[PDB]
Protein chains: 2
Amino acid sequence: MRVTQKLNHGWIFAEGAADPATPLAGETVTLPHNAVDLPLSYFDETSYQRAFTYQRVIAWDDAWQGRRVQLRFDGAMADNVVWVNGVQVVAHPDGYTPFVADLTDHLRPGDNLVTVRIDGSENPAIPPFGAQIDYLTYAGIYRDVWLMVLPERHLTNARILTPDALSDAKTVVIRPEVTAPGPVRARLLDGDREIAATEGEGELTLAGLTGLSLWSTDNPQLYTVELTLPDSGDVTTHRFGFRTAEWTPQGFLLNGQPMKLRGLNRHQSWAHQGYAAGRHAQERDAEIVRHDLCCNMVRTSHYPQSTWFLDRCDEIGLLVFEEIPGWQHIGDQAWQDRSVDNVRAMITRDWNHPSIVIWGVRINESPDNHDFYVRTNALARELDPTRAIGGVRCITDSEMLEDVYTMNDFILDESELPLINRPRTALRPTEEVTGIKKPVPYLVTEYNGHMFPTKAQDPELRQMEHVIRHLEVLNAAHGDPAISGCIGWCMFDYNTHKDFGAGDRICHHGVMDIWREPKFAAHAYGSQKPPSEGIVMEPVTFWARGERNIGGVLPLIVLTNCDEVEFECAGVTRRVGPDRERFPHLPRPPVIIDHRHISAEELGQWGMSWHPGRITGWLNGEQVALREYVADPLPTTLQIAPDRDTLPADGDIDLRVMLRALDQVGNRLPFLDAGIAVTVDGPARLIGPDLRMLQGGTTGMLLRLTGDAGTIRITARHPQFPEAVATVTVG
Amino acid sequence: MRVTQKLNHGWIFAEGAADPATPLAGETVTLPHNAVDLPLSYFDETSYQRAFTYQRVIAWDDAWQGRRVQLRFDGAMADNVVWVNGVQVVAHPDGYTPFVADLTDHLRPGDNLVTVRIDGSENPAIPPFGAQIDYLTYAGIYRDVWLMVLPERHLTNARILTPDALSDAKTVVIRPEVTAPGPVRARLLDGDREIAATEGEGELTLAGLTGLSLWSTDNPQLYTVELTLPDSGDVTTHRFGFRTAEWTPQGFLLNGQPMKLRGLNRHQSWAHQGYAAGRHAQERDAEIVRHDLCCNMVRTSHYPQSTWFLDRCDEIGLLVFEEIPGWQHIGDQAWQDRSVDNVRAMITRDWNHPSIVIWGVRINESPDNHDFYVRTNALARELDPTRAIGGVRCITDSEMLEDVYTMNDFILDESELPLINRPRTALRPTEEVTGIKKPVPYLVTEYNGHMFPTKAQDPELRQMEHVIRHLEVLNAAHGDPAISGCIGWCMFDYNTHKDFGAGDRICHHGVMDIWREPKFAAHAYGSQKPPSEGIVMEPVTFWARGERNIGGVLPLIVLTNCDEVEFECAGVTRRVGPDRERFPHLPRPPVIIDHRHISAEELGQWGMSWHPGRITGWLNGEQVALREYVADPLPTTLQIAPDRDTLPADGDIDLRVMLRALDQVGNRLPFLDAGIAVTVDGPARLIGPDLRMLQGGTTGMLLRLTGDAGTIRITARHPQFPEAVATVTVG
């Protein structure tokens, strides 16, 4: 019988490279941990590019007698090396992938020193390093660490295969990985109900399984396989689901039904704390892509991400594209060996996730490299023949060793350039890009991003064009039968190197800001929701007379899953439907109100007084949404909106809390350049500065819980607002 | 002998309409004073629209026996009624013109109580109120007050005329204005040196004056006429200059010489404090228009402004266009009666200023109104035959009662509107605008503004366009001989009503921010100076890789008076001349570095790293300007730049201090959203909040001197910057 327990609490952290065998002097920390907390903007991204040292005292326990004692590290950036009483026991250069330190043969009857040395240097021998990167990797032991006490003969892994999953009688085939020969018993479980069982050395089959359900994006049905070694007592469980995912030239199909893919790329970074955000924060990103942004797919730009994120995609029905750590650069032979190791470590950890339906085996936006990618493609196919292979490029006529030509197409809008005769084009035709006459599976894996940076507080007009651009691409993808779908660049604004973004160490490419608060472009994606799952209706306006050139709010884009939208202003009521002429292939084309529906004269257009407005959403002639705008917004409410009011007593939790400066009818004050002064008491600490800058009228913060019970109290203050307080009960 | 003391110290201010006879509880204030200080943005502009009360206690003095004792109010907003010991002595509704309380007959020994009641209400009977106004009027006794002790026979005004001013033997004609007939003596002075003298019962003439100099924009030579009543002892001085300013259909002639006019509109408001800013600040405004922006004309948008401002223009060679209070709205017969009185008050106050070369006698941008405008036209030409009459409109075919058709032409850029055929045009031709066959003097008095709002921190591509549009209109005005010149909307970002602006109570129309710190566009104006007056070279860029769509910084606009600019980055070195083809008519066309000079293909050599750059300005073969840009800007210097290092102990001074967030090569961090914690120590209070929010990487503040001597010590703090300290010695 094994015992696993999270061992994040009680580490000691210090700058530099300390003697592994002596007690370390430094601060007590709770993992996940980021070595150097950064400002939001305009910082020296090399500040973390240096060595750090962590240490854990682990008392010997007599209940471990004759058992293996291991530490699993779920991830650390980077160049990791681990010592146990001064003796080195593993070293693992990669920053995105797990590694195990077997302590067993080096433990002594009292306290034991486990020392971990890391370095965040951009070491050219460790992918993705070697040159430029349009993201930051930070540093720290930014993922969980687990103390595992195992019987000698124990499970290290298992693979669950679902041959012929679309059948009324299903089959589960399981291939355990064990440390020595002997029986393995399996139980198929539906939560707590035992479906079937089998015992055997070798491959274990359960067949003739009736009444089970398919995993899909709508019904995320999961089952568990419990594995037991009857001789050693060991037990492990692996969730999977039953599902099929085929990339055919006619399109992507899920469980045999066609599905047009609609996704965003998502980094694993946050402001200030880098990658060191725990289970709860990881799970929240998944939920936001899936629900708020109503995507059926996410891409792990540009590395293996957290098991918590992937588990959460399993539990809520979000398809995943996961790739090896990369950003354009291909190092030497040895570098490529490590990239090939990365492929193995990515797929062996993640092969049971029904959410994962495609592997990225090229370095993102690399040039071609025949002998390198022959290797990555071969290895992926051997380790997992059940999923398609992709690998992201931004060039035409690329050598297609993989199953899907996964392409970043940035043609929108090149026609701005000076000697470009070609008209504004949202997406290229597949034959042009691939160079292959024969139809091949094809997925656009990024678009927009750097082609159209749009900051949270940028002008209404610019944000309109940003909205339009996500809409155009999504529409061209839904309209081209040869395009399996499209994945926008990108979910949120992210910190980058001095070589990218706006000089501020930020790429303003998100449809959401860096706190994952929507900008207007977000509801382009969210508005594709079916109405049964929620009404979305967001006008693309701040409702100010002279924000825009000339004045007025026409043309007004309304992002919505309503069948028609009503406009009331200045005694004019006008009902308008979704703009199908313009976005004919969108599931939920937006409503655009303009000169065709209302004239200048009607609204006293540029006849001096600014009026309030009301915008109502209609579904089958029934009013389902209402958005008011006042002519005269004034600071009315400083809203503190934590993602939860209640939390357990758990020091892994990073609680997101948004601050929004709101007028008399609850709209944000977009151009209020201001610091919200924040204090936090209770069992949690504020991450980042004490003063929070509004951008586009909102900003956000994460509060890392300490793990004690108590009440968190959040005070936010600004001289134009009433003092605002919020509490979250913990434990 | 008169005595005149400035009486701004020791007033009592209170909210509400108190009993005038009784002693007032309230706070002690030193005028200029603003009744309700406002936040920067998003505030209730109705909050000053109510009654307030001011009280001064005045000791009777035995030295005042026989004489008149008067208070001169230079301006107060609004609906002013003054009481002495409870008896009303004067009512003056207008908020921009002086008024006199004669206290003589209602004094008593000991303390006398002078009470002023004001009301900030937009009273529809008092111009410019009645409807919408794209500016705020605030409230308070926002200009100087003067205690005057005067012989019963005393001067009240005087008109200096300079007939035949271009002659070598010049002529000064004086028309004193006195309480009763009698002798008046006149000395003409150059500073302290007497030129001539004369005496008479009527109009006084000083003729055959040789060796004197004309007032121009290049040589603002002023003279003084001292008047003495020899019987009563009264003395007054009046400052003037010799210049001719003729408005012909061929254009504007100053001193017989052509001058294309290049100007900006300028308001008298500051953030927080409204209009209540003293002499130093009024002067600083004129200085920035004339030197920093190299304008030759300023228009007083939209009301008579401070004598300190006009006086300063007389001293620095800045032409003035001044008009009566107004914004679009024309009220009823009684309202028009007041606007006629307003014409008189302005012209009889200002008729000796050589800086003022045209009067605006229409309500800014009103419809025509024959009866009203016949009256203002006639009264003005009757008070002042010497200057041309203008009257700002924004309609074509307006009834021209005035000498100059003063047009706000917002044709740029209407092609934006969906139902407009007509191609993008900078200015309309004059005959299309006047509807008059024959040629008439014509001046563009506004352009751009609300047609293209641009905030300080708006995207680089947006500031480029902002720059361009200011250039196209300047270029167009310079190029058309039927256009005497143009004045831009506007010098700085100004607070406004709910009806206007971006929702935030700001119209982002300035070529400078509300602190009069320049945006990129300011350099369109500033670069027009001859380089003998200072080198300008301002590239329109933040030099970030991914700020613009796609990336990079071409096309690069460099605003300069250099004859060549050199660009240098990563092995690309190019010297480029001014784009005379695009801007044939500008005195200093900018350099534009685009695809003609550097190619797209060439830029690929840069590779994927972002590279520092170096822009150099060249004049007759010599390097006369350098601007560097780093690739990795970092917080280096939190610069505190006061306007002056030393100052007299003068309680009227509002000192402007700028705050700039600077990188290693001294460039602003344009997208650093931060609050700068400010501490002002010593003989001066900080106006507005003590946490100053950067916008475009700069912000500003005004410090009101107490009037004690000593050292102003300014500390500016931010966690990313080293602490900064500036000192200003006050004595």
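Because the Cβ atoms are built from the backbone with ideal geometry, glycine has one as well, and the counts that use them run over all protein chains shown. Since every read-out is calculated from the coordinates, none of them should be taken as a lab result.
Between B:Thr171 and A:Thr30, the modelled labels are 9.4 nm apart [label points 7 Å from Cα along Cα→Cβ]. Per-residue extension of 0.36 nm, minus the Cα-Cα distance of B:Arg582 and B:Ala17, leaves a gain of 197.4 nm for this segment.
Over 20 Å between Cα atoms: which of A:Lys170/A:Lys260; A:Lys455/B:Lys455; A:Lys260/A:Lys455; A:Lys260/A:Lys519 fall into that group?
A:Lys170/A:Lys260; A:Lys260/A:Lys455; A:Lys260/A:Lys519
For the peptide A:493-502, the mean number of other protein chain Cβ atoms found within 10 angstrom of a residue's Cβ is 5. Normalised radius of gyration (Cα atoms, divided by 2.2 N^0.38 Å) for the range A:365-485: 1.22. Model label sites at A:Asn85 and A:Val374, defined 7 Å from Cα along the beta-carbon direction, differ in position by 4.9 nm.
State whether the range A:161-277 is rounded, prolate or oblate according to the following rule on the C-alpha gyration tensor (a ≥ b ≥ c being the square roots of its eigenvalues): a/c under 1.5 gives rounded; otherwise a/b larger than b/c gives prolate, and the remaining case gives oblate. Cα axes put the range A:161-277 in the oblate bin. Overall, the protein assembly as shown carries a charge dipole of about 80 debye about its Cα centre when +1 sits on the Cβ of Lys and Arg and -1 on the Cβ of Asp and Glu, all other atoms neutral. Of all chain A C-beta atoms, the nearest to the rotation axis linking A with B is recorded, alongside its rounded Å distance, as A:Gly675, 2.
For chain A, a crude dipole built from +1 on the beta carbon of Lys and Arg and -1 on the beta carbon of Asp and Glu, taken about the Cα centre, is about 520 debye to the nearest 20.
The relative contact order of the range B:3-150 comes to 35 percent, based on Cα pairs under 8 Å that sit 6 or more residues apart. Applying Stokes-Einstein at 37 °C and 0.692 mPa s to the Kirkwood radius of chain B, computed over alpha-carbon pairs, gives a translational diffusion coefficient of 119 µm² s⁻¹. Stretching B:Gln664 away from B:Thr729 to a fully extended chain increases their span by 20.5 nm, per 0.36 nm per residue minus the current alpha-carbon distance.
In this assembly of identical copies, the label point of A:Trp146 (Cα plus 7 Å along Cα-to-Cβ) is separated from its counterparts by 8.7 nm, sorted shortest first.
With its label point put 7 Å out from Cα toward Cβ, B:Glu622 sits 8.2 nm from the same residue's point in the other copies, in order from shortest.
Based on every Cα atom in the protein assembly as shown, Rg and the maximum pairwise Cα distance Dmax equal 37.5, 130 Å. Counts of other chain beta carbons within 10 angstrom of each beta carbon in peptide B:666-678 average 5. Inverting the pair-averaged 1/r between distinct Cα atoms of the range B:234-321 gives 14.3 Å as its Kirkwood hydrodynamic radius. Here the range B:400-427 is scanned for amide nitrogen atoms under 18 Å from the site 7 Å beyond the Cα of A:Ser599 along Cα-to-Cβ, giving B:417-421. Using only the Cα atoms of the range B:637-730, build the gyration tensor, take square roots of its eigenvalues as a ≥ b ≥ c, and label the shape rounded, prolate or oblate: rounded if a/c is under 1.5, else prolate if a/b is larger than b/c, else oblate. Prolate, because a/c is 1.5 or more and a/b exceeds b/c. Taking the DSSP bridge list for the protein assembly as shown and keeping only pairs wholly inside it, about 80 percent are antiparallel.
Taking every residue in B:622-633 and counting other chain Cβ atoms within 10 Å of its Cβ, the average works out to 2.
Can you figure out the FRET efficiency of A:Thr104 with A:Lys437, using R₀ = 56 Å and their beta-carbon distance, to the nearest 0.05? After rounding to 0.05, the efficiency reads 0.40. Classify the range B:471-565: rounded, prolate or oblate, from the alpha-carbon gyration tensor (a ≥ b ≥ c, eigenvalue square roots; a/c under 1.5 rounded; otherwise prolate if a/b is larger than b/c)? In terms of gyration-tensor shape, oblate. For A:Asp368, the label point sits 7 Å beyond Cα toward Cβ; its separations from the matching points on the remaining copies run 7.4 nm, from shortest to longest.
Out of all Cα-Cα pairs in the range A:3-150, roughly what percent, to the nearest whole number, are more than 23 Å apart?
Percentage above 23 Å: 34.
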